[PDB]
Structures are given as structure tokens and as C-alpha cells.
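S.K.: I'd like to ask you about the structure that follows.
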Amino acid sequence: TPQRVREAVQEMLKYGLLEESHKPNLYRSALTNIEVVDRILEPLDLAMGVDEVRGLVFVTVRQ
Amino acid sequence: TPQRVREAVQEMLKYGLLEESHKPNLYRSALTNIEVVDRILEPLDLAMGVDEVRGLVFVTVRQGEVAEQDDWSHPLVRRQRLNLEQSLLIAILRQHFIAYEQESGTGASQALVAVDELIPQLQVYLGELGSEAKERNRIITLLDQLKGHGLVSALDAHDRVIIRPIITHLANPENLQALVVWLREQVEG
């Protein structure tokens, strides 16, 4: 598991959201690794939602 | 991922610890899945400690490949640090817990200590205040601050407090040795 992917996952789980204007590196890491983030968050019953209009990465309770 | 594993991990993260005497099923679910929980918590820089003698499952900050981390700069840590007065009170509570545990056998019990018993022992170190009310309020404030870290419980109607078992892992001989070395360095300069 890449270090950048782990850092982005930690930041997303902590702050609950990711913005490209604030953290371009984590946003790019998570945007290009959507399948990786989904696989990571599946055991936690969580899913990642992406709004590329505003560069907003959020978490939703998958069900 | 099994439902029991996810539920146990989420509950343990929510509360910070799992005790068999309170949550036996969750304790059984988490104890038999050491590798699964380790894999789950590895990306989050967290680790699981198990004490089957005391039947406790606790969560600690995983040690990365850094010589000094201070163990408080982790983003998910919300607790504040511990000063000398709280540390001395914790040491007193650990001595009392050792006394309670040595004369203990088969059966379920808890470590209960009254405030008035602890009053003179801490008076020996800190000193003596003019009024008993001032000392009692100081003790109450210290106990409340320590309860904010999940080490004791709320005072009962008979002026007693219950010591949580986690202090045993908080006051392990390695941490005690580190604190003793640090205090020795502080006093000598």
C-alpha cells in the first residue's frame, strides 16, 4: 500500500473531507486511486464520493 | 469482512478498550482475529495490545520508522499530556492497585479507594492547605481531570472511586523506567 494513499486515507477519515485547493497531493492520490480507497473503506462500511466540480472528496455510509 | 469483526473494531475504536467482563462477545470476536485487526489498523498507524490475564484489549499508537515521535503528535490523539501532580496521583493509584491485586484470587472484584485515605498520602508530597475543604476540592479536581482520561470513575454516594485496569498497562515497568530516568535527569540539572 502506497504511503501517499495511506496518508490521504488517514486525512479523509480524520477531517471527513478533502479539497484540491488545500491539499492537491492527497486529492490527486485519492482521485486516481478510487478503487483502492473503496477497497480500503469496504471493511469499515464506508464509501468515497467525489465531486470534481469543486474538488470535494467526502465519505458516505455505504449500505 | 465479517460483521462481528467490523462491529468489534468500531466499538473498540469508539471506546478505546474492550473488557471481557463487560463485553464478552466482542472480546471473543476481537481476540480470535489478531491478524485481521492488525491488518485493518496498519494503514491507520494504530496497534492492538492484548492482556488475556486481565482480559483486556486496548489500542495504542503504532510505532513507525521514526526515532522520536513523542506519541502525542498523532492526528487522532485528543487527550492532553500529563504533568507531575497527575503522574504522582497515578503512581499512588498504581501502588493501591498492586496492593489490591496481590491479595486477590478467583472471583470478580474491583479496586475501590476512598478519597480520605488518599488525602494524607498526597498531603505528604504536596503539603498541607489551611482548610480541609480546599484540600478536598483539590483532590476532587485532580480526580475529575484523571477521569477525563478514563482511568477512574465518578465518585459514589459513599466517597469512593474505582480504578480502571488500564493503569496496569499505563504504569508498565518500561514506562515507569522511562519516567524515572526522565525525572532523574530533570532533578540533576
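Quick note on naming: the chains in the C-alpha cells go A, B, ... in the order shown, residues restart at 1 in each chain, and ligands are numbered from 1 in order of appearance.
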Dump as a Markdown table the rows for residues of chain B within 12 Å of chain A: closest atom pair and distance in Å with one decimal, only C-alpha atoms counted, ordered by chain and rising residue number.
M.R.:
| residue | atom | partner | partner_atom | distance |
| --- | --- | --- | --- | --- |
| B:1 | CA | A:43 | CA | 5.5 |
| B:2 | CA | A:43 | CA | 8.5 |
| B:3 | CA | A:43 | CA | 9.2 |
| B:4 | CA | A:43 | CA | 11.3 |
| B:5 | CA | A:43 | CA | 9.0 |
| B:6 | CA | A:44 | CA | 6.6 |
| B:7 | CA | A:44 | CA | 9.2 |
| B:8 | CA | A:44 | CA | 11.2 |
| B:9 | CA | A:44 | CA | 8.9 |
| B:10 | CA | A:44 | CA | 8.0 |
| B:11 | CA | A:44 | CA | 11.8 |
| B:13 | CA | A:44 | CA | 11.5 |
| B:36 | CA | A:43 | CA | 10.4 |
| B:37 | CA | A:43 | CA | 10.6 |
| B:39 | CA | A:40 | CA | 10.6 |
| B:40 | CA | A:43 | CA | 8.0 |
| B:41 | CA | A:44 | CA | 10.8 |
| B:42 | CA | A:6 | CA | 9.4 |
| B:43 | CA | A:6 | CA | 5.7 |
| B:44 | CA | A:10 | CA | 6.2 |
| B:45 | CA | A:10 | CA | 8.9 |
| B:46 | CA | A:10 | CA | 11.2 |
| B:74 | CA | A:10 | CA | 10.7 |
| B:75 | CA | A:14 | CA | 7.6 |
| B:76 | CA | A:14 | CA | 7.0 |
| B:77 | CA | A:14 | CA | 10.6 |
| B:78 | CA | A:14 | CA | 11.7 |
S.K.: Restricting the output to N, CA, C and O atoms, write the selected residues as a CSV table (one decimal), in the first residue's frame.
M.R.:
chain,number,residue,atom,x,y,z
B,1,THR,N,-15.7,-8.8,4.8
B,1,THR,CA,-15.3,-8.7,6.3
B,1,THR,C,-16.5,-9.1,7.1
B,1,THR,O,-17.6,-8.6,6.9
B,2,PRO,N,-16.2,-10.0,8.1
B,2,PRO,CA,-17.3,-10.5,9.0
B,2,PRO,C,-18.0,-9.3,9.8
B,2,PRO,O,-17.3,-8.4,10.1
B,3,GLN,N,-19.3,-9.5,10.0
B,3,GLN,CA,-20.0,-8.4,10.7
B,3,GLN,C,-19.4,-8.3,12.2
B,3,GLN,O,-19.3,-7.2,12.7
B,4,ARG,N,-19.1,-9.4,12.8
B,4,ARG,CA,-18.6,-9.3,14.2
B,4,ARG,C,-17.3,-8.6,14.2
B,4,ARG,O,-17.0,-7.8,15.1
B,5,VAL,N,-16.4,-8.9,13.3
B,5,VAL,CA,-15.1,-8.2,13.2
B,5,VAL,C,-15.2,-6.7,13.1
B,5,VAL,O,-14.6,-5.9,13.8
B,6,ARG,N,-16.1,-6.3,12.1
B,6,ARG,CA,-16.3,-4.8,11.9
B,6,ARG,C,-16.9,-4.2,13.1
B,6,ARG,O,-16.5,-3.1,13.6
B,7,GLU,N,-17.9,-4.8,13.7
B,7,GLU,CA,-18.6,-4.3,14.9
B,7,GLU,C,-17.6,-4.1,16.1
B,7,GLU,O,-17.6,-3.1,16.8
B,8,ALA,N,-16.8,-5.2,16.3
B,8,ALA,CA,-15.8,-5.1,17.4
B,8,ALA,C,-14.8,-4.1,17.2
B,8,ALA,O,-14.4,-3.3,18.1
B,9,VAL,N,-14.3,-3.9,15.9
B,9,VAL,CA,-13.3,-2.9,15.7
B,9,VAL,C,-13.8,-1.5,15.9
B,9,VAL,O,-13.2,-0.6,16.5
B,10,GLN,N,-15.1,-1.3,15.4
B,10,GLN,CA,-15.7,0.0,15.5
B,10,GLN,C,-16.0,0.3,17.0
B,10,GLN,O,-15.7,1.5,17.4
B,11,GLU,N,-16.5,-0.6,17.7
B,11,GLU,CA,-16.7,-0.4,19.2
B,11,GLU,C,-15.4,-0.1,19.9
B,11,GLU,O,-15.4,0.8,20.8
B,13,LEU,N,-12.6,1.1,18.7
B,13,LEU,CA,-12.2,2.5,18.3
B,13,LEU,C,-13.0,3.5,19.0
B,13,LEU,O,-12.5,4.6,19.5
B,36,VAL,N,-6.4,-10.1,11.5
B,36,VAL,CA,-7.3,-9.3,10.8
B,36,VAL,C,-7.4,-7.8,11.3
B,36,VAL,O,-7.3,-6.9,10.6
B,37,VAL,N,-7.4,-7.7,12.6
B,37,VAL,CA,-7.5,-6.4,13.2
B,37,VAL,C,-6.1,-5.7,13.0
B,37,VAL,O,-6.1,-4.4,12.8
B,39,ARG,N,-4.2,-6.0,10.4
B,39,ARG,CA,-4.2,-5.6,9.0
B,39,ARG,C,-5.1,-4.4,8.8
B,39,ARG,O,-4.8,-3.4,8.1
B,40,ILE,N,-6.2,-4.4,9.5
B,40,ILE,CA,-7.2,-3.2,9.4
B,40,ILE,C,-6.5,-2.0,10.0
B,40,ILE,O,-6.7,-0.9,9.4
B,41,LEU,N,-5.9,-2.1,11.1
B,41,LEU,CA,-5.3,-0.9,11.8
B,41,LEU,C,-4.0,-0.5,11.3
B,41,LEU,O,-3.5,0.6,11.7
B,42,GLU,N,-3.3,-1.3,10.5
B,42,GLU,CA,-2.0,-0.9,10.0
B,42,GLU,C,-2.0,0.4,9.1
B,42,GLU,O,-1.2,1.2,9.4
B,43,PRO,N,-2.9,0.6,8.2
B,43,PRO,CA,-3.0,1.8,7.5
B,43,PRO,C,-3.3,3.1,8.3
B,43,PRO,O,-2.9,4.2,8.0
B,44,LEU,N,-3.9,2.9,9.5
B,44,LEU,CA,-4.2,4.0,10.4
B,44,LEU,C,-3.2,4.3,11.4
B,44,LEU,O,-3.4,5.1,12.3
B,45,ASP,N,-2.0,3.6,11.4
B,45,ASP,CA,-0.9,3.8,12.3
B,45,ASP,C,-1.4,3.5,13.8
B,45,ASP,O,-1.2,4.4,14.7
B,46,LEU,N,-2.1,2.4,14.0
B,46,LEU,CA,-2.6,2.0,15.3
B,46,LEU,C,-2.3,0.6,15.5
B,46,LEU,O,-2.2,-0.2,14.6
B,74,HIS,N,0.3,12.5,17.0
B,74,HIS,CA,-0.5,11.7,16.1
B,74,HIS,C,-1.9,12.4,15.9
B,74,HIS,O,-2.4,13.0,16.8
B,75,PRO,N,-2.4,12.6,14.6
B,75,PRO,CA,-3.6,13.4,14.4
B,75,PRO,C,-4.8,12.9,15.1
B,75,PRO,O,-5.6,13.8,15.5
B,76,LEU,N,-4.9,11.6,15.4
B,76,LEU,CA,-6.2,11.1,16.0
B,76,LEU,C,-6.1,11.2,17.6
B,76,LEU,O,-7.1,10.8,18.2
B,77,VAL,N,-5.0,11.7,18.1
B,77,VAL,CA,-4.9,11.8,19.6
B,77,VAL,C,-5.6,13.1,20.0
B,77,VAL,O,-5.2,14.2,19.5
B,78,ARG,N,-6.5,13.0,21.0
B,78,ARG,CA,-7.2,14.2,21.5
B,78,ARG,C,-6.9,14.5,23.0
B,78,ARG,O,-7.2,15.6,23.4
S.K.: Tell me, which residues of segment 26-122 of chain B carry DSSP alpha helix (DSSP H), written as a PyMOL selection string?
M.R.: chain B and resi 26-31+34-41+84-102+115-122
S.K.: Those same residues - N, CA and C atoms - I'd like them written as a short mmCIF file (atom, residue, chain, number, x, y, z; two decimals), in the first residue's frame.
M.R.:
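out28.cif, freshly written:
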data_model
loop_
_atom_site.label_atom_id
_atom_site.label_comp_id
_atom_site.auth_asym_id
_atom_site.auth_seq_id
_atom_site.Cartn_x
_atom_site.Cartn_y
_atom_site.Cartn_z
N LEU B 26 -17.82 -9.33 22.21
CA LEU B 26 -16.90 -8.50 21.44
C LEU B 26 -15.46 -8.87 21.74
N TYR B 27 -15.16 -9.17 23.01
CA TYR B 27 -13.81 -9.59 23.38
C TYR B 27 -13.43 -10.88 22.67
N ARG B 28 -14.35 -11.85 22.62
CA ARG B 28 -14.08 -13.10 21.91
C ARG B 28 -13.89 -12.85 20.42
N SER B 29 -14.72 -11.99 19.83
CA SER B 29 -14.61 -11.71 18.41
C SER B 29 -13.27 -11.06 18.07
N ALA B 30 -12.84 -10.10 18.89
CA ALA B 30 -11.60 -9.38 18.61
C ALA B 30 -10.36 -10.20 18.94
N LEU B 31 -10.43 -11.06 19.96
CA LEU B 31 -9.25 -11.81 20.39
C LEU B 31 -8.84 -12.84 19.35
N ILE B 34 -6.61 -11.50 15.61
CA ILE B 34 -5.46 -10.62 15.83
C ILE B 34 -4.88 -10.15 14.50
N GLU B 35 -4.69 -11.08 13.56
CA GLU B 35 -4.13 -10.72 12.27
C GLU B 35 -5.06 -9.80 11.48
N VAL B 36 -6.37 -10.08 11.51
CA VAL B 36 -7.32 -9.27 10.77
C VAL B 36 -7.35 -7.85 11.31
N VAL B 37 -7.42 -7.71 12.64
CA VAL B 37 -7.45 -6.38 13.25
C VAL B 37 -6.13 -5.66 13.01
N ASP B 38 -5.01 -6.38 13.06
CA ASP B 38 -3.72 -5.77 12.77
C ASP B 38 -3.67 -5.24 11.35
N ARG B 39 -4.15 -6.03 10.39
CA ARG B 39 -4.18 -5.57 9.00
C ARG B 39 -5.09 -4.37 8.83
N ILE B 40 -6.24 -4.37 9.52
CA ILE B 40 -7.17 -3.24 9.42
C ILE B 40 -6.54 -1.97 9.99
N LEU B 41 -5.87 -2.08 11.13
CA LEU B 41 -5.33 -0.91 11.81
C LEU B 41 -3.95 -0.49 11.31
N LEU B 84 3.24 16.59 36.51
CA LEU B 84 3.84 15.84 37.60
C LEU B 84 2.82 15.45 38.67
N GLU B 85 1.87 16.34 38.97
CA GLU B 85 0.89 16.05 40.00
C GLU B 85 0.00 14.87 39.60
N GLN B 86 -0.50 14.89 38.36
CA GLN B 86 -1.31 13.78 37.88
C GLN B 86 -0.50 12.49 37.84
N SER B 87 0.77 12.57 37.45
CA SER B 87 1.62 11.38 37.41
C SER B 87 1.83 10.81 38.81
N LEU B 88 2.04 11.67 39.80
CA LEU B 88 2.19 11.20 41.17
C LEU B 88 0.90 10.55 41.68
N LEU B 89 -0.25 11.15 41.36
CA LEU B 89 -1.51 10.55 41.76
C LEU B 89 -1.71 9.20 41.09
N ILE B 90 -1.32 9.09 39.81
CA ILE B 90 -1.42 7.82 39.10
C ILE B 90 -0.50 6.78 39.73
N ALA B 91 0.69 7.19 40.16
CA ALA B 91 1.60 6.27 40.83
C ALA B 91 1.01 5.78 42.15
N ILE B 92 0.38 6.68 42.91
CA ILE B 92 -0.27 6.28 44.15
C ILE B 92 -1.39 5.28 43.86
N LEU B 93 -2.20 5.57 42.83
CA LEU B 93 -3.28 4.66 42.46
C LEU B 93 -2.73 3.31 42.01
N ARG B 94 -1.58 3.31 41.33
CA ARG B 94 -0.98 2.06 40.90
C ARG B 94 -0.47 1.25 42.08
N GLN B 95 0.11 1.92 43.08
CA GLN B 95 0.51 1.22 44.30
C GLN B 95 -0.69 0.61 45.00
N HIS B 96 -1.79 1.37 45.09
CA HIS B 96 -3.01 0.83 45.69
C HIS B 96 -3.54 -0.35 44.90
N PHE B 97 -3.47 -0.27 43.57
CA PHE B 97 -3.94 -1.37 42.73
C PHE B 97 -3.06 -2.60 42.89
N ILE B 98 -1.75 -2.41 43.05
CA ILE B 98 -0.86 -3.53 43.32
C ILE B 98 -1.23 -4.19 44.64
N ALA B 99 -1.48 -3.38 45.67
CA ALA B 99 -1.89 -3.93 46.95
C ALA B 99 -3.19 -4.71 46.83
N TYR B 100 -4.15 -4.17 46.08
CA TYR B 100 -5.43 -4.85 45.88
C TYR B 100 -5.24 -6.16 45.11
N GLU B 101 -4.39 -6.16 44.09
CA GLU B 101 -4.24 -7.31 43.21
C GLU B 101 -3.46 -8.44 43.87
N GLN B 102 -2.47 -8.10 44.70
CA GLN B 102 -1.65 -9.15 45.32
C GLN B 102 -2.49 -10.06 46.21
N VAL B 115 -11.47 8.75 49.10
CA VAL B 115 -10.70 9.98 48.99
C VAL B 115 -9.94 10.26 50.28
N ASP B 116 -10.60 10.07 51.43
CA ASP B 116 -9.98 10.38 52.71
C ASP B 116 -8.72 9.55 52.94
N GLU B 117 -8.70 8.32 52.43
CA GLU B 117 -7.49 7.51 52.52
C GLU B 117 -6.35 8.14 51.73
N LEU B 118 -6.65 8.67 50.55
CA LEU B 118 -5.63 9.26 49.70
C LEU B 118 -5.21 10.65 50.16
N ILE B 119 -6.00 11.28 51.01
CA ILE B 119 -5.74 12.66 51.43
C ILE B 119 -4.37 12.79 52.10
N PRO B 120 -4.04 12.03 53.15
CA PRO B 120 -2.75 12.26 53.82
C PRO B 120 -1.55 11.86 52.98
N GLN B 121 -1.68 10.82 52.16
CA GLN B 121 -0.55 10.37 51.36
C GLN B 121 -0.13 11.44 50.36
N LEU B 122 -1.10 12.10 49.72
CA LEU B 122 -0.78 13.21 48.83
C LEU B 122 -0.43 14.48 49.59
#
S.K.: Might you pull out every residue within 7 Å of residue 48 of chain B, with only C-alpha atoms counted and same-chain residues fewer than 2 positions away left off, and present them as a list in words?
M.R.: residues 38, 50, 57, 58, 59 and 60 of chain B
S.K.: Quick one: distance from atom CA of residue 63 of chain A to atom CA of residue 39 of chain A in Å, one decimal?
M.R.: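 Taking atom CA of residue 63 of chain A as the start and atom CA of residue 39 of chain A as the end point, the length is 14.7 Å.
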S.K.: Which residues in chain A does DSSP call strand (DSSP E)? List them as a ChimeraX atom specification.
M.R.: /A:17-19,47-51,56-60
S.K.: Would you mind exporting the chosen residues as a PDB file, in the first residue's frame, restricted to C-alpha atoms?
M.R.:
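Listing of selection.pdb after writing:
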ATOM      1  CA  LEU A  17     -13.416  15.884   3.585  1.00  0.00           C
ATOM      2  CA  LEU A  18     -10.652  16.695   1.112  1.00  0.00           C
ATOM      3  CA  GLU A  19     -10.264  19.789  -1.072  1.00  0.00           C
ATOM      4  CA  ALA A  47     -17.544   4.693   0.579  1.00  0.00           C
ATOM      5  CA  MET A  48     -15.867   7.677  -1.069  1.00  0.00           C
ATOM      6  CA  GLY A  49     -17.836  10.260  -3.052  1.00  0.00           C
ATOM      7  CA  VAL A  50     -16.085  12.621  -5.462  1.00  0.00           C
ATOM      8  CA  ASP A  51     -17.379  15.969  -6.758  1.00  0.00           C
ATOM      9  CA  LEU A  56     -14.630  17.784  -2.949  1.00  0.00           C
ATOM     10  CA  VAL A  57     -13.883  14.285  -1.629  1.00  0.00           C
ATOM     11  CA  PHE A  58     -16.306  13.131   1.069  1.00  0.00           C
ATOM     12  CA  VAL A  59     -17.301   9.919   2.845  1.00  0.00           C
ATOM     13  CA  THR A  60     -20.729   8.271   2.816  1.00  0.00           C
TER      14      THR A  60
END
S.K.: With distances taken over only C-alpha atoms, which residue among A:12, A:46, A:37, A:55 lies nearest residue 24 of chain A?
M.R.: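 Looking only at the distances to residue 24 of chain A, the closest residue turns out to be A:55.
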S.K.: Atom CA of residue 54 of chain B and atom CA of residue 107 of chain B, how far apart in Å?
M.R.: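 Straight-line distance from atom CA of residue 107 of chain B to atom CA of residue 54 of chain B works out to 12.3 Å.
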